Amino acid sequence: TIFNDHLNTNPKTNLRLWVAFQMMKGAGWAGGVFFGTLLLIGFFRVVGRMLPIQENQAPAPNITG
Amino acid sequence: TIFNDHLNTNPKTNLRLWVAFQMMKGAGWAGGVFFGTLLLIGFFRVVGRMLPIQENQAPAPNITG
Amino acid sequence: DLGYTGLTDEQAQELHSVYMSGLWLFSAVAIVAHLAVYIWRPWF
Amino acid sequence: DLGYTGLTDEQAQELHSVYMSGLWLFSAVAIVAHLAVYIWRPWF
Amino acid sequence: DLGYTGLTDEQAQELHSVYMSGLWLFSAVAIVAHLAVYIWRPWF
Amino acid sequence: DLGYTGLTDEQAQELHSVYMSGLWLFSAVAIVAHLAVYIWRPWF
Amino acid sequence: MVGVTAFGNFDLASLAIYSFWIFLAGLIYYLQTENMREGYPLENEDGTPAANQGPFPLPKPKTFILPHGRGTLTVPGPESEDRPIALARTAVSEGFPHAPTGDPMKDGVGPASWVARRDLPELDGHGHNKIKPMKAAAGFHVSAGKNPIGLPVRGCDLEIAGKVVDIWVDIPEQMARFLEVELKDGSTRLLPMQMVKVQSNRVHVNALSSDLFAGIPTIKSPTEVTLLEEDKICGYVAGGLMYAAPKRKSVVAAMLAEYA
Amino acid sequence: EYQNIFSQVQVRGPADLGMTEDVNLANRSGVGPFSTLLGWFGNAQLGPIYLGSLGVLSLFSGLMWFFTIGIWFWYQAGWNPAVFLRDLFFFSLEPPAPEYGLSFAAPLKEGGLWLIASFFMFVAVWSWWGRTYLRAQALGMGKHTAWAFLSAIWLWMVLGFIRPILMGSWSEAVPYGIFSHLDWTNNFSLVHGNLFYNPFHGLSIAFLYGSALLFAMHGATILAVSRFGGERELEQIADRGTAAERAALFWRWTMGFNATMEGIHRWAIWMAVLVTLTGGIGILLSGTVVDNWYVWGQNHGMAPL
Amino acid sequence: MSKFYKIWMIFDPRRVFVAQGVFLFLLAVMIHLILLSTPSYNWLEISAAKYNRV
Amino acid sequence: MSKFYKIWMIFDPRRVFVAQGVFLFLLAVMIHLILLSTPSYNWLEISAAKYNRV
Amino acid sequence: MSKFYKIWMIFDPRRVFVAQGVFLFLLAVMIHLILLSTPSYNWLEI
Amino acid sequence: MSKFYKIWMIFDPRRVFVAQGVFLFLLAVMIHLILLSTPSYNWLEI
Amino acid sequence: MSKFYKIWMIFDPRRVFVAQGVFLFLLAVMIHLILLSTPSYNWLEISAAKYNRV
Amino acid sequence: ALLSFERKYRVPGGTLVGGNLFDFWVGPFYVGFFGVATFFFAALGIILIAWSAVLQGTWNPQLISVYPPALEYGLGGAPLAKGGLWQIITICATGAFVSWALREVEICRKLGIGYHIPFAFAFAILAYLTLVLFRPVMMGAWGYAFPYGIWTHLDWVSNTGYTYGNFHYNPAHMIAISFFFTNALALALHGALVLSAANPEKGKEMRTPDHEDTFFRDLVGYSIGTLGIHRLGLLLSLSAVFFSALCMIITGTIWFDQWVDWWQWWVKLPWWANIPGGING
Ligand SMILES: CCCCCCCCCCCCCCCCCC(=O)OC[C@H](COP(=O)([O-])OCC(O)COP(=O)([O-])OC[C@@H](COC(=O)CCCCCCCCCCCCCCCCC)OC(=O)CCCCCCCCCCCCCCCCC)OC(=O)CCCCCCCCCCCCCCCCC
Ligand code: BCL
Ligand SMILES: COC(C)(C)C/C=C/C(C)=C/C=C/C(C)=C/C=C/C(C)=C/C=C/C=C(C)/C=C/C=C(\C)CC/C=C(\C)CCC=C(C)C
Ligand SMILES: COC(C)(C)C/C=C/C(C)=C/C=C/C(C)=C/C=C/C(C)=C/C=C/C=C(C)/C=C/C=C(\C)CC/C=C(\C)CCC=C(C)C
Ligand SMILES: COC(C)(C)C/C=C/C(C)=C/C=C/C(C)=C/C=C/C(C)=C/C=C/C=C(C)/C=C/C=C(\C)CC/C=C(\C)CCC=C(C)C
Ligand SMILES: COC(C)(C)C/C=C/C(C)=C/C=C/C(C)=C/C=C/C(C)=C/C=C/C=C(C)/C=C/C=C(\C)CC/C=C(\C)CCC=C(C)C
Ligand SMILES: COC(C)(C)C/C=C/C(C)=C/C=C/C(C)=C/C=C/C(C)=C/C=C\C=C(C)\C=C\C=C(/C)CC/C=C(\C)CCC=C(C)C
Ligand SMILES: [Fe+2]
């Protein structure tokens with residue numbers, strides 16, 4: 001790195017940003033998983049919208065009461 | 001800093017966290033302002049709740065239509 | 001001195017202090033959010 | 001070659017590249033959120 | 001002397017003391033919460 | 001004297017004594033709880 | 001016989017179901033007992049027998065009479081591994097990793113491990129050797145797919161460490177087993193086929209890099225391969241996946257390492 | 001990564017005529033062609049097949065069974081090739097009606113042909129079982145294949161022979177036809193209450209699911225350790241290698257217990273045999289002892305009422 | 001009763017203590033759920049009736 | 001009770017602390033879900049009945 | 001488009017990044033307010 | 001409570017911080033679902 | 001009856017004691033659940049009727 | 001504790017997340033980060049099923065049932081007592097299965113073997129998600145998923161099958177059933193062949209793979225080989241599960257009628273649709 005304008009910050013704040021970064025690695029991975037799951041559910045919901053399920057429509061398989 | 005376990009990351013990611021940090025300084029200040037404003041409004045709303053404004057209640061000062 | 005991770009006393013104190021500063025910052029933001037929600041609509 | 005800031009060509013390219021990586025990450029998160037909202041409830 | 005983990009007597013006492021301090025802190029917070037809930041709405 | 005785990009007589013007695021102290025402490029807390037519940041609402 | 005009960009609701013349906021529960025318990029016991037013929041008794045991490053042996057006792061020994069006058073294998077029996085393991089324990093308590101003391105791949109520990117089998121080739125049904133180079137086999141020829149003979153061999157670091165000379169095939173089984181890959185040292189090494197990706201112009205080896213091709217354990221005799229040295233070659237090639245991870249030019253690995 | 005699902009280069013040479021102990025080679029045919037298509041997955045060589053006394057018996061009986069059903073199908077289409085083409089899955093060779101009971105007095109056209117075809121099928125299947133036993137015996141091998149086949153034959157016999165005799169009617173065997181035998185299955189379930197509440201039906205389903213489970217597990221394990229020569233299993237039983245150890249350690253660290261190169265096949269054979277064993281028992285009890293399985297389940301703590 | 005201590009020359013303490021902890025927690029959960037299942041001794045419903053909650 | 005500390009000459013602190021954290025979080029989630037399931041002590045529904053959200 | 005990078009030989013990164021953070025937060029709060037104002041897309045309902 | 005800091009002579013910070021981030025995000029998403037499930041405190045109705 | 005002790009030259013104490021503990025706990029749970037199932041000897045219901053908790 | 005040969009394999013590394021935070025064993029079990037996660041999820045799910053037993057009112061293990069929300073709740077949440085416990089248990093089960101697959105990846109990876117096993121488990125996970133997540137979401141309500149009961153999810157199977165008449169006439173269904181039956185047949189034959197080679201006529205020498213090929217070529221005339229049989233087993237099982245997921249994803253979504261009505265198209269094809277005679281016409 002030739003920028004040499006960020007290197008002037010004190011070592012304590014370097015540590016600070018290091019661990020802010022550790023936590024955003026961890027839970028950015030977790031967020032990617034959760035929101036990819038929602039996008040998958042959304043794809044299936046759209047496919048369900050475009051199909052004529054919504055006109056001829058099945059009875060309940062199980063009682064639930 | 002004696003930790004010496006964060007210093008092993010490459011300089012490019014040090015730059016990365018440096019500017020992630022710049023942006024969270026800026027807009028953490030902005031968030032503090034916005035949410036302090038909401039807490040002030042909430043304090044006034046609570047004081048309004050506990051007072052008997054809600055029983056004897058003023059007519060509209062201006063027409064608005 | 002167990003030293004499973006290899007850190008010393010001063011390193012441990014420094015890391016724990018910066019952790020706790022971050023933890024209390026997170027806690028303060030959480031308390032502000034909780035008060036905002038409580039004022040907006042109480043759950044008790 | 002104006003250098004009001006004082007940066008050189010290589011420094012400029014490096015900083016701009018890391019900026020743009022951050023910008024496209026932000027944009028990708030925004031696109032995911034927008035698709036989620038659009039699927040949940042369209043505005044068109 | 002029985003030894004399975006590698007720790008000595010003094011290390012064991014130190015670790016157990018700091019554990020128990022944490023345990024009683026956790027217990028105190030739990031008791032405060034339980035009293036708050038009990039006063040708010042008893043279950044007996 | 002078997003020697004399946006590798007402990008000696010004195011180690012066995014020491015470990016069993018501290019176990020039994022813990023066991024009787026657990027039992028005492030259980031008896032206090034049981035008396036409290038019985039007084040509050042008997043099951044006999 | 002529809003619906004008469006011996007007692008309560010107990011009929012042939014109930015008798016059959018309970019008999020099956022008992023039979024299933026017995027069968028599960030028998031199956032686990034048969035599966036306790038390798039690796040037992042259990043042992044501490046320091047080699048001494050554990051206080052654990054399990055709810056299931058060891059079975060009575062049975063004898064396999066090996067073919068071609070190889071002898072007899074009787075199991076369960078006394079198992080030692082007839083080789084030294086270069087590992088040092090990390091903790092005093094149990095259930096923790098043992099770190100390698102020297103070079104891990106090459107003392108042969110971890111994913112690079114191997115087992116002291118018989119230093120003899122395995123034989124086919126008729127007594128000949130089972131695995132054999134193309135030149136030593138009579139009538140065999142590459143029959144479909146991209147013939148790998150004559151192609152360069154590229155390692156995981158995007159260098160070419162040698163190039164393919166011959167194929168070792170498995171005679172009764174009629175399938176290719178090793179690539180004889182020859183370096184510009186001039187000596188030849190053996191490559192398991194399931195560790196090599198044969199492409200149109202190039203034989204890719206994800207496991208190893210160029211500098212590790214020379215270290216592959218060579219073969220005692222130049223037309224045959226024994227079981228011991230098959231373990232030895234396979235274990236090193238496979239342990240290359242973890243122990244040559246740094247030297248590897250993978251986009252996703254560099255991605256994650258730069259982030260990490 | 002090479003996944004070892006398909007061979008990437010093939011080789012071939014002289015055909016393998018096979019081992020020659022206690023086998024009469026006058027009956028073994030000549031090796032057939034090599035298939036490049038089959039070679040991408042397994043062996044490419046076809047043949048030689050052994051043709052013995054039981055082989056001819058089984059071939060004759062099975063060919064006549066298939067031919068009898070086919071001739072009835074042709075009659076049932078009015079001898080029209082187009083109708084035969086279009087209704088191939090709808091034709092059926094149906095057993096005698098209930099009023100004949102077990103008697104062989106049913107006319108040719110409501111079940112005499114069914115009886116003839118069933119006799120041919122009986123002879124064919126039992127001849128094939130004997131042939132399995134003798135082919136195992138000739139090479140000095142164990143008879144495990146014969147006993148697993150015997151389990152399958154037990155279910156087949158219960159379905160077609162033993163249960164009709166117990167119920168005193170040929171009308172309760174299975175018709176020869178694709179959709180017709182599927183409807184026989186569905187109507188068997190409907191008549192006796194849910195077979196879902198037959199406990200041996202549930203056990204049979206458990207062991208079929210377990211077969212799919214165990215055999216995906218085992219195929220995946222062997223393909224994962226095939227980099228150490230894991231697919232050569234008889235030799236790993238003979239002289240344990242690192243493939244066997246790595247497989248055992250994977251399953252031990254995953255679920256707390258493992259098997260042996262030898263013993264996983266005992267698991268496999270028993271898992272597959274129990275399917276038809278419990279199925280035969282359940283079908284035999286179905287109708288003979290219980291004729292409403294849902295009520296039985298209510299009586300046995302299985303259904304809510 | 002005096003020499004029951006020799007059980008520890010039979011059993012490894014680590015395994016026994018893990019098993020004992022698991023067993024005790026499972027038993028306590030068992031008994032609490034059994035109490036919660038019965039209309040009486042389901043302390044929740046009983047209190048909800050006492051203080052006229054529901 | 002004084003020498004309970006010798007448990008740490010039996011058990012490795014790392015494994016014990018991981019197990020304890022998992023156990024405590026699981027128990028807390030258990031109890032919160034049990035409270036949420038009952039019509040009373042489901043603090044959500046109770047506060048919605050207090051403030052007329054239904 | 002390729003040589004937009006030289007914007008950083010014009011502007012000091014520190015100041016630009018502070019301004020950009022403030023701007024982005026303010027814009028997000030703005031839009032969440034426009035959505036909150038309309039009877040639909042006001043999620044804070046119920 | 002004063003010497004809780006020695007936990008970091010037991011645990012490597014990197015691993016602990018990754019695990020803690022994952023845990024906190026998962027817990028927040030959990031609680032959002034709990035709020036979303038009840039007819040009141042569900043903001044996705046509108 | 002005097003030399004029953006020779007059973008321990010037949011059986012390993014560890015395995016026998018584990019099996020015995022499992023067996024005894026399972027039998028006790030068996031009998032307690034059988035008692036709870038019958039309307040009488042279900043001590044819970046009997047107490048509830050005695051003090052009129054319903 | 002350890003198998004006779006296990007110690008030379010217990011090395012650090014080969015794990016996706018968490019370095020050596022959880023890179024240790026508990027008995028034989030390897031823990032890891034995803035082992036911690038899967039233990040949490042499995043424990044919570046089993047507990048919540050027990051709490052369902054308490055709320056429902058039975059302690060009979062064969063009568064405990066956790067029903068999904070009814071149809072009127074749509075795809076939203078339900079009260080814990082009437083459909084929310086099912087949703088939490090479903091999330092716990094999905095998390096447990098996925099963590100189990102990732103833990104298997106970590107173990108495969110410490111041992112230096114291929115990832116065929118977590119591959120194949122992902123197929124079962126996707127079939128479960130088809131039944132529980134994809135189809136009910138595509139179809140409008142959580143009430144189309146099955147309850148968590150030993151004998152009550154069989155009721156779900158029966159009702160769903162008979163909504164479309166005889167479900168035997170689903171074609172992807174027939175393909176899946178043929179794959180399942182072929183898989184069981186192949187498993188029996190393979191186990192028998194290997195056992196008979198390793199355990200020959202009684203006291204004579206152990207057999208060779210050549211004997212296995214000879215036996216099976218004598219039997220039917222084409223041996224597939226050891227590698228072939230293991231490939232065929234993995235592929236038969238995976239194809240069966242894939243076609244199950246397909247036959248259920250298309251049901252009630254693009255097909256709404258009796259399935260024999262689907263089979264009706266071949267009969268009505270132009271060059272035989274009008275001929276008299278036969279079963280049809
Ligand atoms: C004392 C107190 C009283 C107590 C009473 C209660 C007892 C409780 C027992 C609990 C269970 C214990 C464990 C049982 C499993 C043990 C397996 C074992 O030990 O394997 C060793 C042995 C291993 O052989 P190997 O060492 O590999 O061979 C090496 C040699 O060199 C080469 O040897 P080889 O090649 O020559 O192989 C020969 C041998 C080896 O077999 C194999 O290779 C393995 C094949 C596995 C598949 C076998 C199943 C085939 C099913 C046949 C027909 C099924 C329908 C039957 C009708 C259903 C029942 C109504 O073949 C067989 O043994 C199978 C013969 C099958 C005939 C079945 C006839 C009808 C049932 C009659 C019962 C007696 C059966 C024979 C018993 C004696 C056997 C010597 O394999 C066996 O002996 C198989 C055992 C067969 C057991 C019976 C099979 C049917 C079971 C029915 C269950 C029904 C439950 C009730 C429900 C309904 C009730 C109304
Ligand atoms: C509405 C329909 C009913 C129902 C009605 C029945 C009936 C009726 C029966 C089954 C049976 C079975 N069902 Mg059920 N079944 C239902 C729902 C299910 C469901 C599900 C998820 O819904 C599943 C997974 C199953 C699964 C199963 C299997 C476990 C079992 C068959 C074992 C087998 O392989 O037989 C197939 C294997 C054979 C038939 C053996 C054949 C052996 C012979 C030797 C083969 C000879 C071949 C011949 C000569 C041809 C040669 C060809 C040439 C060589 C090419 N059913 C519902 C409740 N099911 C059977 C059983 O055992 O039940 C207890 C049975 O009879
Ligand atoms: C079903 O049951 C329900 C869910 C309904 C109820 C159950 C609830 C459960 C049981 C509640 C469980 C709660 C858990 C236990 C709460 C734990 C919270 C943890 C402890 C929070 C810790 C946070 C730590 C913070 C994020 C640490 C931050 C460390 C810093 C990032 C390091 C650097 C700090 C420097 C940069 C200086 C600070 C300034 C910055 C920008 C952070
Ligand atoms: C009333 O009018 C309404 C509101 C209704 C409509 C009006 C809308 C207005 C007009 C829209 C205006 C939109 C403006 C123009 C959009 C501008 C957006 C800006 C340009 C987005 C730029 C974002 C830059 C990103 C955040 C840059 C990030 C740089 C990083 C922080 C530097 C390091 C990168 C790292 C941290 C990320 C990747 C590497 C790691 C370690 C994760
Ligand atoms: C369905 O059943 C229901 C739910 C109704 C009833 C269920 C009942 C069940 C049985 C309840 C079970 C309760 C359990 C038994 C309660 C156990 C509580 C205790 C054992 C938990 C202990 C907590 C203590 C924790 C908070 C420790 C905290 C200490 C940390 C802050 C740091 C200390 C760690 C080390 C020692 C410090 C650094 C070491 C240096 C010296 C190197
Ligand atoms: C349906 O069934 C129902 C529920 C109705 C009825 C069920 C009935 C069943 C049968 C009830 C079963 C009850 C069981 C048998 C009760 C067993 C109780 C005893 C055995 C549990 C033991 C408790 C003792 C524990 C608390 C030990 C605590 C000691 C620790 C604090 C530390 C001590 C550990 C070592 C020795 C200390 C350090 C060692 C040094 C020397 C290195
Ligand atoms: C153009 O093509 C031609 C005409 C040349 C040939 C083509 C023929 C095609 C159309 C053949 C079609 C065959 C059908 C489709 C095969 C279907 C078979 C069905 C699926 C079999 C399913 C179940 C049958 C099993 C259960 C039968 C079991 C019966 C055994 C237990 C033997 C029964 C024992 C009998 C009753 C004993 C009677 C003894 C004598 C005295 C009558
Ligand atoms: Fe195999």
# chains A, B, ... in the order shown; residues from 1 in each chain; ligands from 1

$ residues_around --residues "residue I:31" --least-positions-apart "3" --cutoff "12 Å" --atoms "only C-alpha atoms" --output "PyMOL selection string"
(chain I and resi 24-28+34-38+41-42) or (chain M and resi 29+32-33) or (chain N and resi 54)

$ write_last_selection --atoms "N, CA, C and O atoms" --output "mmCIF file, in the first residue's frame"
data_model
loop_
_atom_site.group_PDB
_atom_site.id
_atom_site.type_symbol
_atom_site.label_atom_id
_atom_site.label_comp_id
_atom_site.auth_asym_id
_atom_site.auth_seq_id
_atom_site.Cartn_x
_atom_site.Cartn_y
_atom_site.Cartn_z
ATOM 1 N N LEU I 24 -29.254 -35.794 35.701
ATOM 2 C CA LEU I 24 -29.960 -34.959 36.664
ATOM 3 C C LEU I 24 -30.775 -33.884 35.964
ATOM 4 O O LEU I 24 -31.932 -33.640 36.331
ATOM 5 N N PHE I 25 -30.201 -33.235 34.946
ATOM 6 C CA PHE I 25 -30.976 -32.232 34.227
ATOM 7 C C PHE I 25 -32.182 -32.853 33.533
ATOM 8 O O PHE I 25 -33.283 -32.285 33.553
ATOM 9 N N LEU I 26 -32.000 -34.022 32.914
ATOM 10 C CA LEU I 26 -33.107 -34.660 32.215
ATOM 11 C C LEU I 26 -34.208 -35.067 33.182
ATOM 12 O O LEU I 26 -35.396 -34.908 32.883
ATOM 13 N N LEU I 27 -33.836 -35.590 34.352
ATOM 14 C CA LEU I 27 -34.833 -35.969 35.348
ATOM 15 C C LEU I 27 -35.601 -34.757 35.856
ATOM 16 O O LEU I 27 -36.826 -34.812 36.023
ATOM 17 N N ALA I 28 -34.899 -33.657 36.125
ATOM 18 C CA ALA I 28 -35.580 -32.462 36.611
ATOM 19 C C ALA I 28 -36.548 -31.914 35.571
ATOM 20 O O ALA I 28 -37.675 -31.525 35.906
ATOM 21 N N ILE I 34 -44.000 -33.085 33.877
ATOM 22 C CA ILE I 34 -45.100 -33.884 34.411
ATOM 23 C C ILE I 34 -45.994 -33.033 35.299
ATOM 24 O O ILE I 34 -47.224 -33.116 35.222
ATOM 25 N N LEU I 35 -45.396 -32.207 36.159
ATOM 26 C CA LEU I 35 -46.198 -31.330 37.006
ATOM 27 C C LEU I 35 -46.978 -30.320 36.177
ATOM 28 O O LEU I 35 -48.152 -30.059 36.452
ATOM 29 N N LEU I 36 -46.347 -29.745 35.154
ATOM 30 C CA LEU I 36 -47.030 -28.768 34.313
ATOM 31 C C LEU I 36 -48.170 -29.394 33.516
ATOM 32 O O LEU I 36 -49.105 -28.688 33.125
ATOM 33 N N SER I 37 -48.112 -30.701 33.253
ATOM 34 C CA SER I 37 -49.132 -31.320 32.411
ATOM 35 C C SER I 37 -50.455 -31.481 33.149
ATOM 36 O O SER I 37 -51.525 -31.352 32.542
ATOM 37 N N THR I 38 -50.410 -31.781 34.445
ATOM 38 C CA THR I 38 -51.640 -32.027 35.188
ATOM 39 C C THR I 38 -52.346 -30.707 35.502
ATOM 40 O O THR I 38 -51.687 -29.716 35.815
ATOM 41 N N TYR I 41 -51.151 -28.725 40.037
ATOM 42 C CA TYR I 41 -49.690 -28.723 40.074
ATOM 43 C C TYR I 41 -49.109 -28.052 38.845
ATOM 44 O O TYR I 41 -47.899 -27.828 38.769
ATOM 45 N N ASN I 42 -49.957 -27.716 37.880
ATOM 46 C CA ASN I 42 -49.563 -26.776 36.841
ATOM 47 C C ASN I 42 -49.668 -25.408 37.495
ATOM 48 O O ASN I 42 -50.696 -24.731 37.441
ATOM 49 N N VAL M 29 -38.738 -46.159 36.525
ATOM 50 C CA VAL M 29 -39.577 -45.310 35.685
ATOM 51 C C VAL M 29 -40.789 -46.084 35.182
ATOM 52 O O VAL M 29 -41.910 -45.562 35.163
ATOM 53 N N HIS M 32 -43.304 -46.375 38.150
ATOM 54 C CA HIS M 32 -43.917 -45.089 38.461
ATOM 55 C C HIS M 32 -44.925 -44.685 37.395
ATOM 56 O O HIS M 32 -46.000 -44.166 37.715
ATOM 57 N N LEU M 33 -44.600 -44.913 36.120
ATOM 58 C CA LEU M 33 -45.531 -44.552 35.057
ATOM 59 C C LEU M 33 -46.759 -45.451 35.066
ATOM 60 O O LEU M 33 -47.868 -44.995 34.770
ATOM 61 N N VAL N 54 -46.966 -31.800 26.510
ATOM 62 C CA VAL N 54 -47.595 -31.267 27.718
ATOM 63 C C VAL N 54 -48.854 -30.486 27.365
ATOM 64 O O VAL N 54 -49.913 -30.678 27.972
#

$ interface_residues --of "chain L" --to "chain N" --cutoff "7 Å" --atoms "only C-alpha atoms" --output "NGL selection string"
:L and (15 or 37-38)

$ write_last_selection --atoms "N, CA, C and O atoms" --output "mmCIF file, in the first residue's frame"
data_model
loop_
_atom_site.group_PDB
_atom_site.id
_atom_site.type_symbol
_atom_site.label_atom_id
_atom_site.label_comp_id
_atom_site.auth_asym_id
_atom_site.auth_seq_id
_atom_site.Cartn_x
_atom_site.Cartn_y
_atom_site.Cartn_z
ATOM 1 N N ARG L 15 -11.625 -15.981 16.922
ATOM 2 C CA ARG L 15 -12.702 -16.963 16.900
ATOM 3 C C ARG L 15 -13.884 -16.488 17.726
ATOM 4 O O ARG L 15 -15.043 -16.602 17.308
ATOM 5 N N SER L 37 -44.601 -12.607 14.675
ATOM 6 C CA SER L 37 -45.591 -13.673 14.781
ATOM 7 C C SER L 37 -46.874 -13.196 15.453
ATOM 8 O O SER L 37 -47.972 -13.627 15.083
ATOM 9 N N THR L 38 -46.762 -12.333 16.436
ATOM 10 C CA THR L 38 -47.937 -11.875 17.163
ATOM 11 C C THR L 38 -48.716 -10.850 16.342
ATOM 12 O O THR L 38 -48.116 -10.023 15.654
#

$ interface_residues --of "chain I" --to "chain M" --cutoff "8 Å" --atoms "only C-alpha atoms" --output "PDB file with N, CA, C and O atoms, in the first residue's frame"
ATOM      1  N   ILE I  10     -13.067 -47.857  40.060  1.00  0.00           N
ATOM      2  CA  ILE I  10     -13.748 -48.558  38.981  1.00  0.00           C
ATOM      3  C   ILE I  10     -14.087 -47.623  37.828  1.00  0.00           C
ATOM      4  O   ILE I  10     -13.917 -47.985  36.665  1.00  0.00           O
ATOM      5  N   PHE I  11     -14.572 -46.425  38.130  1.00  0.00           N
ATOM      6  CA  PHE I  11     -15.103 -45.516  37.129  1.00  0.00           C
ATOM      7  C   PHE I  11     -14.240 -44.268  37.015  1.00  0.00           C
ATOM      8  O   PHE I  11     -13.776 -43.729  38.023  1.00  0.00           O
ATOM      9  N   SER I  40     -53.989 -29.685  38.078  1.00  0.00           N
ATOM     10  CA  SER I  40     -53.392 -29.301  39.344  1.00  0.00           C
ATOM     11  C   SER I  40     -51.889 -29.525  39.270  1.00  0.00           C
ATOM     12  O   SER I  40     -51.411 -30.374  38.516  1.00  0.00           O
TER      13      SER I  40
END

$ residues_around --residues "residue B:45" --least-positions-apart "4" --cutoff "12 Å" --atoms "only C-alpha atoms" --output "MDAnalysis selection string"
(chainID B and resid 38:41 49:51 53:54) or (chainID C and resid 36 38:41)

$ residues_near_ligand --ligand "ligand 5" --cutoff "7 Å" --atoms "only C-alpha atoms and all ligand atoms" --output "PyMOL selection string"
(chain C and resi 2) or (chain E and resi 14-16+18-23+26) or (chain I and resi 25+28-30+32-33) or (chain J and resi 20+24+27+30-31) or (chain L and resi 4-7+9-10)
